[PDB]
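Written below as structure tokens is the structure these notes are about.
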Amino acid sequence: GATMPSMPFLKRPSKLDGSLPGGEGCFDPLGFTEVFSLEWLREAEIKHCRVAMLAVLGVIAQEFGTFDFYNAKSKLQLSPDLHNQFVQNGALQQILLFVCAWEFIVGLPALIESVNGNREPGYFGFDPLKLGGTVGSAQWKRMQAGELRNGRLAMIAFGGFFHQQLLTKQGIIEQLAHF
Amino acid sequence: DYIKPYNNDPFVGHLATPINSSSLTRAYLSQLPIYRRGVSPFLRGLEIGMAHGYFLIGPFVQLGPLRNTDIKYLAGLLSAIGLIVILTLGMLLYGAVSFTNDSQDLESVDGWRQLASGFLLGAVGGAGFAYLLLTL
Amino acid sequence: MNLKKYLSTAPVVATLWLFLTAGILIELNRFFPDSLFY
Amino acid sequence: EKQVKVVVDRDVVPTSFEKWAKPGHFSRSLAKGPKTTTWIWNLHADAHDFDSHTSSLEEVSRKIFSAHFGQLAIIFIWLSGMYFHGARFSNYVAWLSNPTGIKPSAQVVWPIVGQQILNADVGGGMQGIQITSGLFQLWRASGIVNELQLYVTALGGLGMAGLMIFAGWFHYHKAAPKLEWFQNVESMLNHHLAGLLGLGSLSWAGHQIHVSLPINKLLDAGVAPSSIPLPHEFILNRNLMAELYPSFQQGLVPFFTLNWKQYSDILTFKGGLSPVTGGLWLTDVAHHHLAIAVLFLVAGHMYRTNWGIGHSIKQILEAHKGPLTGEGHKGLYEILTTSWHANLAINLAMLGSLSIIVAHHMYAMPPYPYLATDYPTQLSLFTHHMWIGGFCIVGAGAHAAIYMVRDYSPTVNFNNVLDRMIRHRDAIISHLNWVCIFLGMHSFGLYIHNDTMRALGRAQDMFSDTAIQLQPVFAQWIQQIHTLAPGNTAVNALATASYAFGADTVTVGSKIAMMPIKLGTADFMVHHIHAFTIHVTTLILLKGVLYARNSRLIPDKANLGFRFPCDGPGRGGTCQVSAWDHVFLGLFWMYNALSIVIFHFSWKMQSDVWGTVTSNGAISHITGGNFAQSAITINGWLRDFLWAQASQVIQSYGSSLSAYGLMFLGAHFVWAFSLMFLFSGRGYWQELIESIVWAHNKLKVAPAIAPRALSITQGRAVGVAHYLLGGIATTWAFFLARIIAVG
Amino acid sequence: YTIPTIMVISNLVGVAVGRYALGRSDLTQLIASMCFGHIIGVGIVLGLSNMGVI
Amino acid sequence: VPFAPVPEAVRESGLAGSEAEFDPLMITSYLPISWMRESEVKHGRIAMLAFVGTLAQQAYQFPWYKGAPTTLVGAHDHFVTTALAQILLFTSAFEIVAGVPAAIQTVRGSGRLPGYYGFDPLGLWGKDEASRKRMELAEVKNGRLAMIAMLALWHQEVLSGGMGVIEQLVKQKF
Ligand code: CLA
Ligand code: CLA
Ligand code: CLA
Ligand code: CLA
Ligand code: CLA
Ligand code: CLA
Ligand code: CLA
Ligand SMILES: CCCCCCCCCCCCCCCC(=O)OC[C@H](COP(=O)(O)OC[C@@H](O)CO)OC(=O)CCCCCCCCCCCCCCC
Ligand SMILES: CC1=C(/C=C/C(C)=C\C=C\C(C)=C\C=C\C=C(C)\C=C/C=C(C)/C=C/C2=C(C)CCCC2(C)C)C(C)(C)CCC1
Ligand SMILES: CC(C)[C@H](C)/C=C/[C@H](C)[C@H]1CC[C@@H]2C3=CC=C4C[C@@H](O)CC[C@]4(C)[C@@H]3CC[C@@]21C
């Protein structure tokens, strides 16, 4: 049966979105692009993907080494005590200072440009190593889709990391090794 | 449907409502000392005064400053008589300026003078009668 | 979509300028309290 | 039969900032450039007047649905702010531990210019400004025990505000309903009666039964707030609810078997105030909400909507017709479906009356726990709702006049109640004016007479208990009937609805909660003063609404508009002849009436209800029985109330209440500044502005926007605004300082 | 079984009054009449119970 | 006229789902047929799952949850805290994402067959249109027998003092 147009859901009428890098799923069951700008949502999703990938790898990497010059009295990286102590010692305060500097001085102009229809969402032109190749061609759209999928997985895994640590009071590696 | 123009002619600044105009209302408004047919101005004034002073004495005797003394009734009667004199003065002034010389039909100087005299006499007599009733 | 022009209107510019002036005055008053006779 | 269907227009208005850079775009005249300073004022004066912008009812309806959403979002933001202040900067937990000893406070002033003194020693560790909004009592009645719940509620409020923001924008730029929508008054009424109010009260009753009842029962049993089980535990573990209320053992079976009497543990009708906290029994409140929910739900199925069953408001209106009213209520349905001003007038009058009733019922029957013992909160809430109610009533009159001047139609209003009233408006206003004169004489004259007697040493000739007595026999009789109602007319009621009618007194924390409010000669005179002032203010508003279209002085006031300065210095003078000016005068009279009403409540409460109780039952009020013989004279009202009670607001300097004292002075200034705009005219200010403009011209510093004086109508508006602001602020600071310093 | 009997009688009375007032026999009239009958039966049963009859 | 003699033609005879026209109350005349059909197929699927779960849990329990009542009421009360709570969370999530909008669109004019999702992994729907129609009619026919069955099972358990379906079928009947 179904309607005239289809969606990967196989029971939905295709929305405005068509075939975007990593957007072949057209996963918009609840109307979010019909009222909000697509560029705004895409920029937000890519920003979330990047910050979440760094967070997932950071949580796993922090459980092995703490540099030895940071107190780190708590071995739980996603615990409020560790967040508060690192904020008090100034480490997270400095991360906040520079991350806010980037967002206001560069992030805001970047989002305004992408909202006007000039800059592709989440495109900062950062390709030190020619890994993605030419923009808008082979090795780029596929790599962009890979980035989106890895970021979504990292976002879901960060939520899992936080909830598991807060419920078991055990680290990710510690919990993986025991129960 | 009961509310109609007073004279059945619209554009008039009045309405013929139930208590405004009715069989009972028209009968009651009529026949009073005033508006009654075949009554001389002096008779109308006498009736009005004897009916006014009677109830005018009440307030002064009951709530006058000397209501607790043994002369409460006398003091109230005197106060009522004074108020009656002032009212008669007002009536006479109104007749002196509002009306002119013409036939005595209650709308002339002589007619209103007779009405004022009757009102004064009636009011004094009514106040005296009420005082007598209170004393007895 | 000329947001800059709206932000440049009299009420917006006036509120921003007065907010900055009040902030400067308050900040000076907590860093240098009870200032009198210069 | 009409289909109650939803039809909307998509992308009717584009979302862009282009119109933000063009002030006055909504008006044809304001979009041509200012050319003078009067344009700045006109821009704000006609900003929310959607009826003046366009002549289409559909556009106005959409501009109202939206902006209603915006105001709802603003209210949700304010509520979120109150909850966040309670969670972050308030001593709510400490207050819960010791509700009688700790003073509520949720504001912390920053230390910058010596203002840190305002942080009163309210107790509970933190020091701040004592709040008299009753937020603490309300939260306690709702079952809040920890600040985490307050934080979650604040976050939920912020989310609801965001939703009300999105809804407002979506219903104006993405899906705007057509005029057919908004004209379905039957459906709107059915939903608001069964869904907004019926289901709302039902849900609140459920929350009280599952959260408020058990938590408050444990709190009143000496259990610490931290040791009380969480609200969700009472729902998951039914054993706890059964232990606290055996009725839960039977479950919902009794409800479905009509054995409602088995719910006597949770659905009680005790009738009185709780002797532990001084407020109404939460069980009686839950049962009350359940009954009001069931009654509203049943009432919500009266009108006909998309089905054969129901009623038609138009048919009911046209059916009501009598000999004294030719066409009865014919044409009123079309009036309330084609003019938002008429609906706004009716709704504003009812909402204001509801607020006034709320104030009376809230002070007499304290609903929240520990609310009666917190006299500052009681005074502030009664006075606050009294003022908001009066303002909404004056607004109701103003909008009635607006509809009469702009949306009135002779064909629609033909031989109906409205037309028949406009026909005899002279009888209405002259008879009402006569009533006002009689009331003023027999109300204020009694006070003046008492002043004259007391000054002459003739106390035996006064209108007091010792001298001539004027006892409210009717009101006293109703009080006695209420006192005896719990046993002869309320068989299932275990106590009188309010202890203010009689019964016995209630004391909580060595403080009087509610005791019989005996009425005497002073109350007789003050109540008549209240009636006199209400009559004069309603006379002013009714006169302005009845003559809004025309009068014997100005035969075409409607063509001149609803808000116009005057017709000129002709016919002897036609100043303040428009209906808007009648609203302007009604504002002062409403302020006078409301000020006297709040004055009576404050003094009577502090002299016969609020006070302390010493062991063995001895009662000592703040002002021991002085209202009985001091409220019967203007001198007493100035000496024992305005002078004696002001000592707290004038001596507040050097303490945490100093702010109030400052506000007490500032308000005065404002109230005195209003006189400037009320006893002056714009001709003089225009000439002064001419001289100042010449001075500017002499220095080549003149502005392009020609400086102009405030319009005549704008001047009147500014004067009344400043007058009301100053007066209400002065009485606000006086009330708050007096009630906080003592009691 | 007094309560079920009274409720059934109330439902029938509601059905009759509904058919008369609305003047039609349909699902809408049926449900409306049942609602009225229930609002009348619940009240009659609770009133009689409060009086001790049932 | 319809399968039921006393009621009049109940309409909904030219649509799809069942040759028999059993709608005596004509509820479809006052409600969207697609919405009602969507609710019907959902009820059938939920009831069939519950019937199999009832006949399975009462016969064998997983190593986890070793000690837990088997009765529907007892099992619900004992698992309403952690197991059923999680089941409700995920089922509600599925309804919130794919459930509510599906019915909304179907009612708003979408041509979606009520109860249609792309969940046909083994391709058992059939190739021929007649086979597909018979298969849908079978799914709904098998349903409405599981709804009544679940109601009957619950009533029997309540009136049997918490007795299993097979246990009650082997011990007593009343
Ligand atoms: C909109 C307002 C509102 C809301 C949202 C709720 C919501 C809720 N109420 Mg509630 N309630 C309300 C108002 C509200 N109530 C009002 C106005 C009253 C009357 C004052 C009640 C009185 C009430 C009681 C007494 C109970 C609830 C309970 C509940 C919870 C479960 C209800 C349930 O399905 O159990 C269903 C319970 C039944 C007994 C079903 C009846 C038919 C069964 C199937 C009988 C067949 C026999 C079978 C073997 C079961 C034996 C049960 C027996 C031992 C009791 C639920 C969260 C229950 C709860 O969870 O307590 C915390 C509870 O016991 N409510
Ligand atoms: C307007 C309020 C008011 C009222 C109700 C009173 C009332 C009173 N004053 Mg007072 N007074 C007032 C204002 C008032 N005063 C003010 C403002 C001052 C200061 C200037 C004074 C100064 C003053 C003094 C110095 C004294 C009083 C005194 C008195 C008492 C006797 C006065 C008297 O004899 O009058 C006479 C009254 C009348 C002649 C007639 C009254 C009108 C009638 C009853 C109305 C009937 C209408 C009727 C129902 C219509 C329908 C009827 C129709 C259909 C048939 C009395 C109880 C005296 C006293 O000793 O106090 C006890 C006294 O010495 N007063
Ligand atoms: C508008 C005029 C104004 C000016 C000229 C200043 C100037 C200054 N502020 Mg200040 N501030 C202001 C307004 C202002 N502030 C307002 C409106 C607030 C909120 C009430 C604050 C709150 C604030 C805090 C908490 C602190 C300062 C501090 C300082 C000094 C730090 C050095 C610096 O150069 O930073 C320049 C700073 C600015 C030009 C103002 C930026 C304010 C941003 C928004 C940060 C505040 C974040 C706030 C806590 C949370 C969100 C606020 C929201 C508006 C986004 C400084 C000279 C720091 C200090 O005390 O020095 C030892 C410090 O701790 N300010
Ligand atoms: C049972 C259904 C229902 C409910 C609960 C409401 C509730 C409300 N309506 Mg509404 N209305 C309804 C049906 C309903 N309406 C229908 C069918 C019509 C067409 C005939 C209207 C037409 C209508 C108009 C024209 C207006 C309202 C307004 C309002 C608000 C009044 C302001 C207030 O008292 O603050 C109380 C606020 C709250 C208690 C917060 C609750 C808010 C939540 C979201 C409940 C509302 C649900 C909503 C009606 C439907 C959800 C739609 C869905 C697609 C998301 C209030 C929230 C006025 C308004 O404020 O405009 C926004 C107004 O102008 N209604
Ligand atoms: C739900 C309540 C409600 C609503 C929806 C409306 C809606 C409306 N009113 Mg109405 N009104 C109301 C209540 C309401 N009113 C009340 C309670 C009163 C009595 C005070 C009035 C008296 C009134 C009058 C006399 C008039 C209106 C007018 C109007 C229309 C245009 C408003 C406008 O554009 O002016 C713009 C609004 C402003 C410029 C804001 C003025 C600010 C004042 C002084 C309030 C200050 C409050 C604040 C607490 C002060 C302290 C803070 C300070 C230190 C900064 C509009 C449709 C006008 C109209 O119909 O057009 C011809 C009209 O003349 N209203
Ligand atoms: C409290 C009562 C009051 C006050 C304060 C004033 C004040 C003033 N009158 Mg005046 N007047 C009054 C009553 C009052 N009048 C009455 C009852 C009448 C009889 C109708 C008059 C008739 C009258 C006339 C005919 C004239 C004046 C003039 C003036 C001004 C004289 C010049 C001056 O001193 O400027 C100094 C300014 C002040 C004293 C005001 C204080 C400064 C304010 C508070 C600061 C700004 C606001 C501040 C930021 C706070 C608000 C913030 C906002 C967010 C709410 C002055 C502003 C004359 C004039 O125009 O002068 C050129 C003029 O000719 N008045
Ligand atoms: C025909 C059989 C029958 C019998 C024998 C009873 C018997 C009884 N009913 Mg009952 N009732 C019945 C049918 C019956 N009812 C039906 C069919 C309905 C549905 C319409 C109701 C609905 C009903 C209600 C709602 C109530 C009763 C109540 C009662 C009991 C006391 C009533 C009384 O006499 O006090 C006499 C009371 C007065 C003389 C005071 C009159 C009401 C005051 C003045 C309030 C006025 C309200 C306001 C002005 C109007 C409504 C405004 C609107 C906004 C709501 C009593 C034992 C009461 C109860 O709950 O028992 C405890 C009660 O509240 N019944
Ligand atoms: C006389 C018994 C009532 C006691 C008095 C207090 C009643 C409260 C209701 C207020 C209106 C007065 C009732 C008569 C009014 C009344 O109900 O009359 C009856 C009549 C209504 O009957 P109809 O045949 O018109 O009915 C058809 C329509 O009502 C359709 O619903 O109303 C009028 O047409 C005249 C309206 C006011 C007439 C002018 C009177 C104004 C005086 C106001 C002061 C009242 C006394 C103050 C208290 C002492
Ligand atoms: C409002 C009201 C009313 C009223 C009534 C009335 C008021 C009645 C009556 C009455 C009156 C008010 C009366 C009076 C009187 C008087 C008299 C009866 C007398 C007499 C006689 C004599 C003895 C005389 C003498 C003389 C002399 C001595 C000389 C000179 C001359 C003369 C002749 C004067 C009613 C109930 C209706 C209704 C309700 C209320
Ligand atoms: C905020 C989310 C949670 C909700 C579900 C959003 C729903 C949006 C507004 C969309 C989704 C489907 C509806 C949708 C269907 C089709 C569109 C086309 C597009 O011109 C926008 C409107 C419009 C006509 C509407 C707007 C209203 C809906 C309901």
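Labels for the structure tokens follow display order: chains A, B, ..., residues from 1 in each chain, ligands from 1.
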
Using only C-alpha atoms and all ligand atoms, which residues of the polymer chains come no farther than 12 Å from ligand 3? I'd like the answer as a list in words.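 Within the 12 Å cut-off, the matching residues are residues 96, 97, 100 and 104 of chain A; 15, 16, 17, 18, 19, 20, 21, 22, 23, 24, 25, 26, 27, 28, 29, 30, 31 and 32 of chain C; 109, 110 and 112 of chain D.
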
Those residues you just picked out, can you put them in a file as a JSON list (two decimals), in the first residue's frame with C-alpha atoms?
[["chain", "number", "residue", "atom", "x", "y", "z"],
["A", 96, "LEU", "CA", 35.30, 27.15, 28.28],
["A", 97, "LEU", "CA", 37.13, 30.42, 27.62],
["A", 100, "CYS", "CA", 33.35, 30.26, 23.74],
["A", 104, "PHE", "CA", 31.42, 33.78, 19.19],
["C", 15, "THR", "CA", 18.88, 50.45, 25.70],
["C", 16, "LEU", "CA", 22.24, 48.95, 24.70],
["C", 17, "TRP", "CA", 24.12, 52.20, 25.32],
["C", 18, "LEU", "CA", 22.42, 52.82, 28.67],
["C", 19, "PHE", "CA", 23.01, 49.20, 29.66],
["C", 20, "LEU", "CA", 26.72, 49.56, 28.91],
["C", 21, "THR", "CA", 26.88, 52.87, 30.80],
["C", 22, "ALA", "CA", 25.12, 51.42, 33.84],
["C", 23, "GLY", "CA", 27.37, 48.36, 33.72],
["C", 24, "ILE", "CA", 30.48, 50.54, 33.63],
["C", 25, "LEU", "CA", 29.20, 52.62, 36.55],
["C", 26, "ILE", "CA", 28.34, 49.52, 38.61],
["C", 27, "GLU", "CA", 31.64, 47.78, 37.84],
["C", 28, "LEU", "CA", 33.52, 50.93, 38.84],
["C", 29, "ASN", "CA", 31.46, 51.10, 42.05],
["C", 30, "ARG", "CA", 32.34, 47.56, 43.17],
["C", 31, "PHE", "CA", 36.02, 47.80, 42.22],
["C", 32, "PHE", "CA", 36.20, 51.33, 43.72],
["D", 109, "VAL", "CA", 20.48, 41.38, 46.58],
["D", 110, "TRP", "CA", 24.02, 41.85, 45.28],
["D", 112, "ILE", "CA", 27.33, 46.86, 45.36]]

What residues of the protein or nucleic acid chains come within 12 Å of ligand 7 when you use only C-alpha atoms and all ligand atoms? Reply as a ChimeraX atom specification. /D:193,260-261,268-269,287-288,291-300,485,488-493 /E:6-7,10-11,13-14,35-54

Pull out every residue of chain E that has at least one atom within 9 Å of chain F, counting only C-alpha atoms, and report them as a PDB file with C-alpha atoms, in the first residue's frame.
ATOM      1  CA  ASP E  26     -28.844   6.860  15.748  1.00  0.00           C
ATOM      2  CA  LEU E  27     -25.515   6.111  17.406  1.00  0.00           C
ATOM      3  CA  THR E  28     -25.122   9.759  18.422  1.00  0.00           C
TER       4      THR E  28
END

Counting only C-alpha atoms and all ligand atoms, name the residues that have an atom within 9 Å of an atom of ligand 5; the answer should be given as a short mmCIF file (atom, residue, chain, number, x, y, z; two decimals) with C-alpha atoms, in the first residue's frame.
data_model
loop_
_atom_site.label_atom_id
_atom_site.label_comp_id
_atom_site.auth_asym_id
_atom_site.auth_seq_id
_atom_site.Cartn_x
_atom_site.Cartn_y
_atom_site.Cartn_z
CA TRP D 41 4.05 58.06 21.12
CA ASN D 42 1.46 57.16 18.47
CA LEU D 43 3.61 54.20 17.42
CA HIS D 44 3.25 52.57 20.84
CA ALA D 45 -0.31 53.79 21.46
CA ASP D 46 -1.62 51.99 18.34
CA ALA D 47 0.74 49.00 18.42
CA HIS D 48 -1.66 46.46 19.96
CA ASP D 49 -4.80 47.99 18.40
CA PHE D 50 -5.14 45.34 15.70
CA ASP D 51 -8.63 46.59 14.78
CA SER D 52 -7.21 49.93 13.60
CA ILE D 64 -4.94 37.92 18.69
CA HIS D 68 -2.03 35.43 23.16
CA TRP D 340 -13.52 40.90 19.77
CA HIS D 341 -14.01 44.11 21.77
CA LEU D 344 -13.03 41.28 25.75
CA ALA D 345 -15.33 43.60 27.72
CA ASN D 347 -14.42 38.58 29.83
CA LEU D 348 -12.53 41.43 31.51
CA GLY D 352 -11.92 41.16 37.45
CA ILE D 388 -5.89 43.33 39.70
CA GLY D 389 -9.64 42.73 39.86
CA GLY D 390 -10.43 46.43 39.93
CA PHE D 391 -8.09 47.15 37.03
CA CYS D 392 -9.68 44.40 34.95
CA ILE D 393 -13.14 45.81 35.73
CA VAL D 394 -12.21 49.30 34.55
CA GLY D 395 -10.71 47.72 31.44
CA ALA D 396 -13.98 45.88 30.89
CA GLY D 397 -15.83 49.18 30.86
CA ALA D 398 -13.28 50.72 28.50
CA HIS D 399 -13.61 47.87 26.01
CA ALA D 401 -17.20 51.67 25.21
CA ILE D 402 -14.74 50.79 22.42
CA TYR D 403 -17.16 48.22 20.98
CA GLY D 561 -14.05 58.19 17.64
CA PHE D 562 -13.66 56.48 20.99
CA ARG D 563 -10.38 58.21 21.94
CA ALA D 579 -15.72 57.59 26.26
CA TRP D 580 -11.95 57.24 26.67
CA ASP D 581 -12.05 60.20 29.04
CA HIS D 582 -14.84 58.50 30.98
CA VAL D 583 -12.52 55.52 31.42
CA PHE D 584 -9.81 57.98 32.47
CA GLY D 586 -13.26 55.84 36.18
CA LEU D 587 -9.66 54.86 36.81
CA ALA D 717 -3.20 59.13 30.04
CA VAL D 718 0.22 60.02 31.48
CA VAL D 720 -3.69 58.99 35.31
CA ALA D 721 -0.89 56.45 34.89
CA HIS D 722 1.42 58.36 37.22
CA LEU D 725 1.33 54.17 39.98
#

Please find the residues of chain F near chain A - the criterion being any atom within 10 Å, counting only C-alpha atoms - and write them as a list in words. residues 96, 97, 98, 99, 100, 101, 102, 105, 106, 109, 110, 111, 112, 113, 114, 115, 116, 117, 118 and 119 of chain F

Could you list the protein, DNA and RNA residues that have any atom within 12 Å of ligand 6, counting only C-alpha atoms and all ligand atoms, and write them as an MDAnalysis selection string? (chainID C and resid 15 18:19 22) or (chainID D and resid 665:692 709 715 719 721:723 725:726)

Grab the residues selected above and save them as a compact mmCIF listing (two decimals), in the first residue's frame with N, CA and C atoms.
# COMPACT_ATOMS: atom_id res chain seq x y z
N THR C 15 18.81 51.39 24.59
CA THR C 15 18.88 50.45 25.70
C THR C 15 20.27 49.84 25.79
N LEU C 18 22.66 52.59 27.25
CA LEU C 18 22.42 52.82 28.67
C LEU C 18 22.81 51.61 29.49
N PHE C 19 22.62 50.40 28.94
CA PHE C 19 23.01 49.20 29.66
C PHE C 19 24.52 49.17 29.85
N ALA C 22 25.45 51.87 32.49
CA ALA C 22 25.12 51.42 33.84
C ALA C 22 26.08 50.32 34.28
N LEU D 665 8.77 56.91 49.71
CA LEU D 665 9.01 58.29 49.30
C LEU D 665 8.91 58.43 47.79
N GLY D 666 9.58 57.53 47.06
CA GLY D 666 9.52 57.60 45.60
C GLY D 666 8.10 57.63 45.09
N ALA D 667 7.27 56.71 45.58
CA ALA D 667 5.87 56.68 45.16
C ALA D 667 5.25 58.06 45.32
N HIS D 668 5.44 58.67 46.50
CA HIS D 668 4.89 60.00 46.72
C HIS D 668 5.30 60.93 45.59
N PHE D 669 6.60 60.98 45.30
CA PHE D 669 7.09 61.84 44.23
C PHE D 669 6.30 61.58 42.96
N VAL D 670 6.18 60.31 42.57
CA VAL D 670 5.43 59.98 41.36
C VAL D 670 4.00 60.48 41.47
N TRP D 671 3.35 60.20 42.61
CA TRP D 671 1.97 60.65 42.77
C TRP D 671 1.88 62.16 42.68
N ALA D 672 2.92 62.87 43.10
CA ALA D 672 2.91 64.32 43.03
C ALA D 672 3.30 64.81 41.65
N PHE D 673 4.05 63.99 40.90
CA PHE D 673 4.44 64.35 39.54
C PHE D 673 3.25 64.23 38.60
N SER D 674 2.36 63.27 38.87
CA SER D 674 1.17 63.10 38.05
C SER D 674 0.34 64.38 38.04
N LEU D 675 0.29 65.08 39.17
CA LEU D 675 -0.47 66.32 39.23
C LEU D 675 -0.04 67.26 38.11
N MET D 676 1.25 67.27 37.79
CA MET D 676 1.76 68.11 36.72
C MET D 676 0.96 67.89 35.44
N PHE D 677 0.79 66.62 35.06
CA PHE D 677 0.07 66.28 33.85
C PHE D 677 -1.45 66.32 34.00
N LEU D 678 -1.97 66.41 35.22
CA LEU D 678 -3.42 66.43 35.40
C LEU D 678 -3.99 67.83 35.55
N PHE D 679 -3.23 68.78 36.09
CA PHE D 679 -3.71 70.15 36.25
C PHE D 679 -3.15 71.09 35.19
N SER D 680 -2.64 70.56 34.07
CA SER D 680 -2.05 71.38 33.02
C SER D 680 -2.53 70.97 31.64
N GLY D 681 -2.29 71.85 30.66
CA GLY D 681 -2.69 71.62 29.28
C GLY D 681 -1.50 71.69 28.34
N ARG D 682 -1.64 71.05 27.17
CA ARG D 682 -0.54 71.01 26.20
C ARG D 682 -0.27 72.34 25.50
N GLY D 683 -1.18 73.31 25.55
CA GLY D 683 -0.89 74.58 24.90
C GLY D 683 0.31 75.27 25.53
N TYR D 684 0.35 75.30 26.86
CA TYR D 684 1.45 75.91 27.59
C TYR D 684 2.76 75.18 27.34
N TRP D 685 2.73 73.84 27.37
CA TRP D 685 3.95 73.08 27.14
C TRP D 685 4.44 73.28 25.72
N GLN D 686 3.51 73.43 24.76
CA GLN D 686 3.93 73.66 23.39
C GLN D 686 4.65 75.00 23.27
N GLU D 687 4.14 76.03 23.96
CA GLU D 687 4.83 77.32 23.90
C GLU D 687 6.21 77.24 24.55
N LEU D 688 6.30 76.55 25.70
CA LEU D 688 7.59 76.40 26.36
C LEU D 688 8.56 75.64 25.45
N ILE D 689 8.05 74.63 24.75
CA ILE D 689 8.86 73.85 23.82
C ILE D 689 9.26 74.73 22.64
N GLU D 690 8.44 75.72 22.28
CA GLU D 690 8.81 76.63 21.21
C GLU D 690 10.02 77.46 21.62
N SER D 691 10.00 77.97 22.85
CA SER D 691 11.14 78.76 23.33
C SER D 691 12.40 77.90 23.41
N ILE D 692 12.26 76.67 23.91
CA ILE D 692 13.42 75.78 24.00
C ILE D 692 13.94 75.46 22.61
N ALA D 709 4.60 68.83 22.09
CA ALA D 709 4.11 68.50 23.42
C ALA D 709 3.25 67.24 23.35
N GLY D 715 -1.61 63.34 27.36
CA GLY D 715 -1.33 63.98 28.63
C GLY D 715 -2.24 63.45 29.72
N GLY D 719 -1.01 61.42 33.04
CA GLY D 719 -1.40 61.86 34.37
C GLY D 719 -2.06 60.76 35.18
N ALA D 721 -1.84 57.53 34.66
CA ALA D 721 -0.89 56.45 34.89
C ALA D 721 0.01 56.77 36.07
N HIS D 722 0.56 57.98 36.11
CA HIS D 722 1.42 58.36 37.22
C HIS D 722 0.65 58.41 38.53
N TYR D 723 -0.59 58.92 38.49
CA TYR D 723 -1.39 58.99 39.70
C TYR D 723 -1.60 57.60 40.29
N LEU D 725 0.07 54.79 39.61
CA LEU D 725 1.33 54.17 39.98
C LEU D 725 1.79 54.67 41.34
N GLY D 726 1.80 55.99 41.53
CA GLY D 726 2.24 56.54 42.80
C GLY D 726 1.36 56.12 43.96

As a list in words, please: every residue in chain C that DSSP puts in alpha helix (DSSP H). residues 3, 4, 5, 6, 7, 10, 11, 12, 13, 14, 15, 16, 17, 18, 19, 20, 21, 22, 23, 24, 25, 26, 27, 28, 29, 30 and 31 of chain C

Atom pair CA of residue 173 in chain D / CA of residue 24 in chain A: separation (Å):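 CA of residue 173 in chain D sits 29.5 Å away from CA of residue 24 in chain A.
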
Which residues, written as a list in words, have at least one atom at most 9 Å from range 53-65 of chain A, with only C-alpha atoms counted and residues fewer than 6 positions away on the same chain left out? residues 75, 76, 77, 78, 150, 151, 152, 153, 154, 155, 157, 158, 161, 171, 172 and 173 of chain A

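In chain D, the set of residues within 10 Å of chain B (atoms considered: only C-alpha atoms) is residues 322, 323, 324, 325, 326, 327, 420, 423, 424, 426, 427, 458, 460, 461 and 468 of chain D.
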
Using only C-alpha atoms and all ligand atoms, what are the residues with an atom within 12 Å of ligand 9, set out as a PyMOL selection string? chain B and resi 28+42-58+117-133
